[PDB]
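Protein chains in written order, with UniProt numbering: chain A, 420 to 502; chain B, 27 to 753; chain C, 27 to 335; chain D, 27 to 753. For every residue, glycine included, the Cβ atom is placed at its ideal position computed from N, Cα and C. Working notes, beginning with the structure itself.
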Amino acid sequence: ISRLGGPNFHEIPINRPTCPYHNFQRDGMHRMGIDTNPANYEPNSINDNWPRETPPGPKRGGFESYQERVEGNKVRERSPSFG
Amino acid sequence: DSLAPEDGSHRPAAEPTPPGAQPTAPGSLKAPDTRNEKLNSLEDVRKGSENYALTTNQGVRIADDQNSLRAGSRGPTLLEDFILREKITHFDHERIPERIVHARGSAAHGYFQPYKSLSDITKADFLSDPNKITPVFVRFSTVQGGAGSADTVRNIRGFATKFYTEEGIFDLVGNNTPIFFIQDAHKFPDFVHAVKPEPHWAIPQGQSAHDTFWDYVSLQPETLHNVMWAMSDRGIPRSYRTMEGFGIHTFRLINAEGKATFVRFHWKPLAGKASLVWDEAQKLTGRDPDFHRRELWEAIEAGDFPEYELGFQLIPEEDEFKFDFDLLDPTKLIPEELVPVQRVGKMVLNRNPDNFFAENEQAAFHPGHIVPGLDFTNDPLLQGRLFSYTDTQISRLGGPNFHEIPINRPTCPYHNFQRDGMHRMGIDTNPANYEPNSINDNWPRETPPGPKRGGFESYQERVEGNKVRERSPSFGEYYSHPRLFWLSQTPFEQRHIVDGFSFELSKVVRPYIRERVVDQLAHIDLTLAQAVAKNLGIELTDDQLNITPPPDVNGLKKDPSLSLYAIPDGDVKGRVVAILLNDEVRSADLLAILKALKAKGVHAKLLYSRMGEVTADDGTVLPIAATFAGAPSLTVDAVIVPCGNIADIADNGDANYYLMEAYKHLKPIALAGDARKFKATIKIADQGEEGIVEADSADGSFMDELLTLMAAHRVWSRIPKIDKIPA
Amino acid sequence: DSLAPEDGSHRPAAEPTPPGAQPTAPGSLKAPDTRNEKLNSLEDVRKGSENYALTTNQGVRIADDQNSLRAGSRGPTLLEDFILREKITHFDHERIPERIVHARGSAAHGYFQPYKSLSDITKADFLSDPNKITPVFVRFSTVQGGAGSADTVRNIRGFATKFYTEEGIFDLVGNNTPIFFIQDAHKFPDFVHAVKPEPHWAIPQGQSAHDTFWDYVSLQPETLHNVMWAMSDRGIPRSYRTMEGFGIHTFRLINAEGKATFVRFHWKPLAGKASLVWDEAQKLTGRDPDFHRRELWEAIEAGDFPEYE
Amino acid sequence: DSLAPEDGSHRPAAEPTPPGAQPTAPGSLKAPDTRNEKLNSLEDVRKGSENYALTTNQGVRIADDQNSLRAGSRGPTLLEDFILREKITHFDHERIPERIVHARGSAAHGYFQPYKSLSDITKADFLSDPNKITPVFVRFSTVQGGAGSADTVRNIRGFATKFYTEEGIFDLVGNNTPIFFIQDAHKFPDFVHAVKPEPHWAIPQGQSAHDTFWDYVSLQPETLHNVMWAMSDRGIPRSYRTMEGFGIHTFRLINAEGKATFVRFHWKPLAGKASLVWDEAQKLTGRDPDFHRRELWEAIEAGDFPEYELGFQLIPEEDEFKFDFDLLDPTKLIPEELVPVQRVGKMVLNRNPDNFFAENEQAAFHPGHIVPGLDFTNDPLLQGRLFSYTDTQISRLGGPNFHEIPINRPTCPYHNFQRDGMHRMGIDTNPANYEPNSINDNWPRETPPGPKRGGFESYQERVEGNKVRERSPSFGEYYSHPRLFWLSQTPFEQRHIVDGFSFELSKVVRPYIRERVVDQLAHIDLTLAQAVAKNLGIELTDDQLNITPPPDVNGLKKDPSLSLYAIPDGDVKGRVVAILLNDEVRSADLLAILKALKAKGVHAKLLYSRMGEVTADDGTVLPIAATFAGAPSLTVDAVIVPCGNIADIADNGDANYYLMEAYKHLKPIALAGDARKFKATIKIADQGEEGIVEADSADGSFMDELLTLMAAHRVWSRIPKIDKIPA
Ligand code: HEM
Ligand code: HEM
Ligand code: HEM
């Protein structure tokens with residue numbers, strides 16, 4: 420954000436995905452993309468909710484975190500196993 | 027040089043004066059002996075003016091600040107004019123990004139003190155002793171509009187307090203309603219994009235009355251509770267002095283024993299609760315878009331300091347699951363009938379800033395700024411807030427040293443190993459910039475948590491679950507709190523809610539959105555749903571008519587603590603009366619009027635059809651503050667018309683309009699003697715009407731009646747009668 | 027999803043429609059057949075939306091755009107939630123500084139064409155051929171208020187035209203009166219500080235009706251000419267369509283022979299000149315602070331294109 | 027924790043100490059008693075450390091600065107960890123853009139004082155009284171490379187002086203040669219782009235030895251003058267204390283009567299002029315890229331304060347056109363034989379900064395910062411500079427309030443009507459932010475110009491001509507000044523210039539560029555051009571051999587002030603000697619060596635094959651400063667090898683290479699007793715050689731002889747002899 424001058428660093432040519440990117444983020448310094456989506460929020464009806472969430476699955480699916488089990492108290496502590 | 031007048035009209039008195047009596051001024055010049063530890067510590071950066079030479083920023087004296095350097099007096103401007111370029115450069119760079127939300131806000135300095143030591147429930151140092159005075163800087167705001175938008179919009183309001191404590195800055199960043207629109211911070215950009223001006227054309231400014239906002243609400247029923255509040259008169263406060271504050275989230279208090287108590291924060295306005303009515307607020311956005319900013323500043327200048335009582339709703343850790351809502355759900359309020367607010371301390375705002383930009387615009391409040399004795403909870407809205415406020419400040423205030431901007435500085439010591447960053451002020455002398463180090467004997471050093479002056483340690487809450495992006499099922503109830511709020515409102519408050527929904531939804535262009543909203547209302551209350559439907563030309567279906575009302579909240583149907591007005595707490599000190607003058611006023615009326623107002627600390631403004639002065643029957647020279655059209659009734663709490671040559675004004679279209687408007691807006695009107703000729707313009711019958719004061723003259727009883735009306739704020743009984751006046 | 031209505035009435039008609047008949051829309055969705063060279067060259071940065079998956083800016087498809095990642099469904103949000111942090115980060119950084127002056131403004135695309143070749147008096151390419159069409163972008167504005175202030179204030183108005191010519195960008199940066207308040211640029215910060223909200227309390231917005239402005243004026247009689255314009259109904263135009271524009275300064279035209287001619291620039295509203303009255307303008311700042319922005323947008327959507335000579 | 031050693035040895039003595047004796051430290055800790063007005067004014071932002079608790083930036087004490095907050099000690103890190111996030115946020119945002127040029131530089135605090143009042147020629151307050159002391163801050167720099175590049179590159183050096191005067195900041199922003207490369211500021215991006223790393227791959231750092239530089243030079247002969255200076259040993263100074271300084275441009279002095287005198291600024295090093303040799307400089311960029319930065323700091327810690335004398339070349343307005351060259355042409359120097367330098371005052375640099383980033387990196391110097399008594403001229407390079415420094419500072423330092431960053435602040439009053447901008451520190455209380463105003467009686471006010479404390483008014487120079495983009499024909503001569511410089515150099519200086527051109531052009535990949543430069547050299551001097559050609563395998567054509575040499579400069583063939591060495595000025599104080607130890611050193615030799623060096627303020631470093639201690643013949647325990655490989659001969663000015671058990675080190679290749687390197691780089695070497703066994707490594711004849719000091723012992727004249735050589739800096743007569751040695 421400071422080094423590249425703002426939140427549109429992904430629009431700097433070397434950083435750009437070659438695959439599709441579409442979402443409801445807008446504005447920021449040096450904004451290159453001109454969004455035509457009538458909607459900048461979801462859920463929306465005015466654009467039939469596009470672009471849409473995608474369920475996870477075997478290929479071309481949405482990102483879902485592995486549901487790791489977390490069990491512990493809130494601590495600032497180094498694990499004994501690291502010592 | 028010799029430009030000020032020799033009489034000295036140019037410079038306001040360094041002493042409390044009523045609104046409009048003197049030109050307003052920087053706080054340090056207006057009240058140079060109002061002091062607190064923060065205000066004193068800002069003295070190193072305060073810059074004066076008088077008797078100094080005009081210079082560049084480099085300290086070079088300027089000879090001619092009227093002209094560029096050119097080759098010949100009609101020639102081209104020269105690149106070597108460093109005086110011009112410095113001056114234009116600084117101008118060209120004055121602006122910084124406004125806040126993403128709450129850009130529009132007004133701020134003041136003050137102090138807080140507790141009523142008693144709270145050490146049984148929290149080790150927070152600022153709450154440990156009633157003699158501990160904590161300086162505060164408080165900023166009130168709207169939500170949606172830009173920094174240049176209007177004050178009396180319909181909006182939630184922001185109420186942010188920076189406590190400069192001896193153990194760290196604590197920012198309590200709250201709003202004027204006890205819940206928020208959404209449950210999880212991940213949705214904040216969606217909600218805020220929906221409410222903000224629409225992205226193709228950037229309209230409308232400062233209004234939720236447009237398609238995208240109601241589209242989102244209609245699709246996200248969690249929003250309905252706060253939408254209810256916004257549509258009520260809560261959304262249009264009379265002044266920042268007369269609204270409540272809430273932290274919204276459940277936080278924790280942590281005592282020296284390490285016991286955690288759940289807490290929700292409250293601010294109670296000691297002036298009492300009071301709101302405008304919609305038409306008055308909307309008109310006020312056009313006549314004075316600075317109305318609330320002005321009202322705050324002038325209240326402080328007059329000595330009418332905004333005062334608030336800090337209150338805590340306290341819930342034992344073992345009571346976490348004892349309600350039929352989730353304590354961690356920020357769309358749910360805790361009804362005061364179930365958990366009372368313990369009155370904990372008082373905050374007084376008693377000094378305006380010196381420079382709006384330096385102190386208000388650059389101030390940085392963040393709810394993550396807590397101190398030992400306080401802690402967070404898992405509220406998923408609060409959790410995400412913790413990331414945002416730090417992050418946004420990096421661009422808005424130009425880098426990671428924003429805490430060195432004077433207004434933001436702690437008054438207490440700060441020492442750590444952090445270095446550099448844009449505009450670094452502090453020059454560090456520590457041999458070491460890392461720890462652990464031997465080369466400076468490890469200083470500055472960590473401090474173990476403790477009862478007092480201890481280091482921060484988080485409360486060791488048990489976390490048990492899988493890594494999931496999932497809304498807790500406990501949060502999945504959307505209607506019962508909107509209902510509790512609705513049932514708690516007076517009939518005139520309910521009608522104003524109906525009117526707010528009806529007015530907003532009428533501006534929504536896609537009819538299907540209006541219908542989907544009315545459907546949601548039908549899940550809350552049928553009377554509300556029908557009243558709004560009727561104003562929209564919508565007919566509820568068979569099905570909609572038969573939607574079962576949501577259940578009570580722990581057996582509560584209503585809670586009068588949620589109404590603005592149900593329980594009297596009205597107060598007149600600092601309110602304002604317009605007095606309509608004529609060319610020969612009955613001096614005796616004026617003396618009695620002014621004496622009674624002064625007694626109660628109510629201010630007056632003397633209005634006529636031109637500036638200057640009129641003379642009272644007995645040669646008393648009366649100065650006019652403004653014209654009828656120049657200071658409309660919108661800006662006052664009541665209107666009194668005294669006796670005299672009423673023919674001078676009884677045909678004045680503006681004089682009549684003034685009264686018609688005040689009448690429409692349910693304001694107390696008092697008519698003395700020949701002032702009663704005006705009764706015709708507002709169609710009042712001879713036997714009177716409750717809320718209109720009329721006597722032969724402006725006697726002591728006449729003023730008493732008027733001040734009683736003013737303490738009840740507005741004349742709610744008049745509502746069925748305002749239909750039939752064209753104003 | 028099932029989210030749009032079945033009858034398709036969420037969507038404005040892609041054809042000229044009168045004010046209030048349809049919801050307003052982005053220009054290229056509203057009027058997809060309108061084109062000029064500049065609008066065509068913007069096509070490489072236009073971003074659509076229909077039928078695309080919701081992604082991060084790195085192109086990663088998002089599954090749940092309703093929730094933060096937490097340890098347990100009532101637990102703490104985790105620092106590893108990079109979808110949440112990217113989204114909030116971009117939100118957190120949306121704003122840029124507003125313009126120092128003329129922050130409040132409304133703009134549209136269009137085109138310019140000269141009536142005849144002016145090669146006898148200027149070598150400027152955009153004026154060399156009645157067939158030469160030059161795209162433009164024009165922003166109209168007030169002066170004093172912030173980007174979030176009201177349209178129908180009493181103010182001078184800005185009228186700025188960016189001409190995308192074949193020999194460079196020419197910006198004609200004008201106002202709606204033929205003169206300015208001050209004579210020398212050195213005093214600009216003085217005059218603008220005087221008119222802007224006063225530094226102690228930041229009041230009033232969008233209004234010259236306060237002490238410091240009139241202080242400055244009283245002490246600097248050169249300001250009186252533009253002040254007369256501002257106090258007239260010129261200060262409250264009915265719409266940007268019915269005001270004049272002026273470059274104010276004398277500039278030069280230079281022809282191929284090297285001959286200079288002094289020139290002052292003018293815009294004539296082909297819709298004619300028209301203003302509000304003060305009470306109507308002030309009330310409108312309250313009822314519709316976006317009245318001029320809306321008027322401009324809706325005229326264009328209706329096909330009442332603003333025209334200027 | 028309690029982490030320092032019990033002896034208190036982690037802490038350097040707050041007293042002057044030789045280089046390497048104690049750990050270096052922040053200036054205010056090292057020299058707490060060294061004060062001036064500016065240093066005192068910075069106290070307000072100096073931050074200590076000792077005995078303070080470690081906090082956040084908000085002043086909250088941290089308990090555990092070793093760990094993030096996680097759910098379980100092996101669990102995920104939690105977003106609520108505000109302490110982690112503030113800490114990483116600050117770190118993440120530490121960097122700011124480096125300076126576009128002169129990014130690499132080293133700086134110190136000091137003071138200036140004039141020898142006598144210059145009131146007759148200038149009303150500049152800082153030059154008005156010999157008892158008036160002006161705080162300064164000075165930064166010396168290279169030109170091309172980034173802030174992390176090496177010190178001892180071949181480059182022009184920057185010499186920038188911020189004078190904190192009572193009537194404003196005056197920045198004198200000069201270089202170490204009296205001309206610049208180009209004539210008009212419009213070409214600065216072209217020249218700088220040509221010399222900087224090439225844009226496809228960003229190579230090479232810190233070097234002009236690449237194609238684009240020499241391409242530009244070959245096409246722009248105006249550059250040749252400064253290029254001659256860069257290729258001479260001027261381009262590789264021994265240290266910032268031993269180079270000259272120049273303002274380059276003609277400026278004006280203006281006295282109280284309004285008379286303008288043309289002036290060029292000079293700094294004379296009181297330590298004398300001295301440079302490295304190229305092979306030594308290049309190797310030093312590898313072995314110690316911070317050599318000049320280190321040398322500056324340690325000189326100051328030692329008490330060898332860098333001192334410079336300010337001098338003016340003064341030319342009457344009537345003599346503007348009396349030279350073969352144009353006074354306004356920054357590619358031309360003014361020969362001291364034609365216009366002497368008049369001594370003006372003395373500047374002493376006597377305190378290091380506390381924090382390099384805060385004071386050095388954020389310092390902002392700009393040659394437009396002048397004061398009444400000074401003015402500009404139409405020099406077209408200067409004229410463009412006035413635009414650039416202001417502009418670039420707005421991004422580098424993050425907005426228009428850079429003058430509020432502590433190092434940049436005037437010590438004198440600064441007041442004006444400028445407001446806001448990012449990072450605004452000053453809180454203005456003036457009711458007025460514009461002039462003319464009546465509301466503050468027009469304060470701060472303009473001040474007319476006058477003899478003292480007056481407003482700035484530009485000298486009313488006549489301007490006459492058309493608006494043109496045109497180089498003055500008076501500027502169109504490129505070769506006579508290069509030739510003047512060339513002819514003033516000693517034979518060994520000339521050889522070094524040939525070698526510099528030869529080495530640089532050999533790195534140019536395109537042979538035609540080498541040819542083009544050689545052709546330019548043939549316009550300057552045939553001997554120069556032939557010698558460079560020979561080194562490049564190029565043959566001059568008959569046409570090139572016949573190019574007539576450029577005319578003399580106003581009848582001057584040479585001017586010895588242009589040589590580094592032609593007129594000795596050899597100061598030995600602050601220089602340093604390597605002493606190569608063995609495991610049984612003659613303690614008598616060492617007493618004699620160390621005491622003689624100390625008496626002259628010459629430093630020593632005791633070197634060995636390992637660290638720790640060695641014990642001398644008589645039991646004296648000798649602490650080892652560094653190893654032979656660790657502190658190579660590059661870093662010292664001479665080498666002494668005392669007597670003892672030489673067999674201990676005669677076999678040590680490092681010890682031999684130490685002498686061979688020192689020998690090759692023309693440094694004095696002294697060998698006592700059996701140390702003379704090392705004569706064979708460096709092929710010294712039995713009878714001896716000028717530049718090698720040898721005796722049975724270090725007694726008698728041994729140390730005087732060595733010190734005499736050190737005063738002459740290097741052993742130039744040794745040059746024919748080094749060609750052979752393999753080092
Ligand atoms: C309980 C709900 C919330 C309340 C009571 C609240 C309150 C406020 C207030 C009063 C301000 C203005 C502070 C000032 O006067 O300077 C503000 C600003 C802000 N809010 Fe919140 N807010 C809420 C939700 C959120 C959420 C969920 C986010 C993001 C995830 C967020 C992000 C921001 C940001 C970025 C600003 C601007 C901060 C600055 O520029 O300094 N808010 N909020
Ligand atoms: C003939 C008198 C002037 C006219 C007609 C004029 C007109 C305008 C207009 C129409 C704009 C807004 C352009 C837009 O829509 O973005 C503007 C902006 C601006 N003007 Fe001028 N102006 C005048 C005088 C000045 C002077 C004397 C200065 C400074 C010395 C100045 C500095 C600025 C700046 C800093 C902006 C904001 C530019 C930006 O952020 O892009 N103006 N002016
Ligand atoms: C007589 C010829 C010149 C001399 C003696 C000179 C000297 C210097 C010095 C010593 C510095 C570094 C100051 C410091 O230590 O921070 C510097 C920086 C700089 N120079 Fe110049 N320079 C010359 C020509 C120019 C020209 C023609 C330009 C552009 C028009 C220019 C633009 C800059 C800029 C942008 C910086 C960085 C300033 C900053 O970031 O604060 N220089 N120069």
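Do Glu120(B) and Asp446(D) come within 8 Å of each other at the CB atom, strictly closer than that value? yes
Chain A contacts made by the stretch 625–638 of chain D, where a contact means CB separation under 8 Å: Cβ contacts with chain A: none found.
Going by DSSP, which residues form a beta bridge with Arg278(C)? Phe288(C)
heavy atom of ligand 1 below 7 Å from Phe351(B) C-beta: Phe351(B): no, Cβ never under 7 Å from ligand 1.
I'd like to confirm something about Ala211(C): is its beta-carbon nearer than 7 Å to some heavy atom of ligand 2, or not? yes
Cβ of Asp118(C) within 7 Å of any heavy atom in ligand 1? yes
Among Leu606(D), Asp155(D), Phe391(D) and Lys690(D), nearest to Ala133(D) - alpha-carbon criterion: Checking every option, the nearest Cα to that of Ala133(D) belongs to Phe391(D).
What number of angstroms, rounded off, separates the C-alpha of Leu95(C) from the C-alpha of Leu105(D)? 10 Å
Could you pull the start and end residues of the beta strand (DSSP E) that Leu632(D) belongs to? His629 to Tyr634
For ligand 2, I want to know if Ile274(C) counts as a neighbour, meaning its beta carbon is within less than 7 Å of at least one of the ligand's heavy atoms. yes
Return yes when the Cβ of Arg320(C) is within less than 8 Å of the Cβ of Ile539(B), no when it is not. no
Extract the residue ranges of the beta strand (DSSP E) inside the stretch 679–743 of chain D, only unbroken runs of 3 or more that lie entirely within it. 695–698 and 718–721
What does the Cβ neighbour count give for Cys669(B), buried or exposed, with the cut at 16 atoms within 10 Å? buried
Residues near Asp237(B) in its chain [Cβ-Cβ closer than 8 Å; skip 5 each side]: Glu224, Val534, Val535, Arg536 and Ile539
Relative to chain C, which residues along the UniProt region "Disordered" (459–493) of chain B have a C-beta separation below 9 Å, given in chain order? The residues in question are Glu487, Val489, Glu490, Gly491, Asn492 and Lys493.
Identify whether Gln409(D) lies in helix, strand or coil by the three-state DSSP scheme. helix
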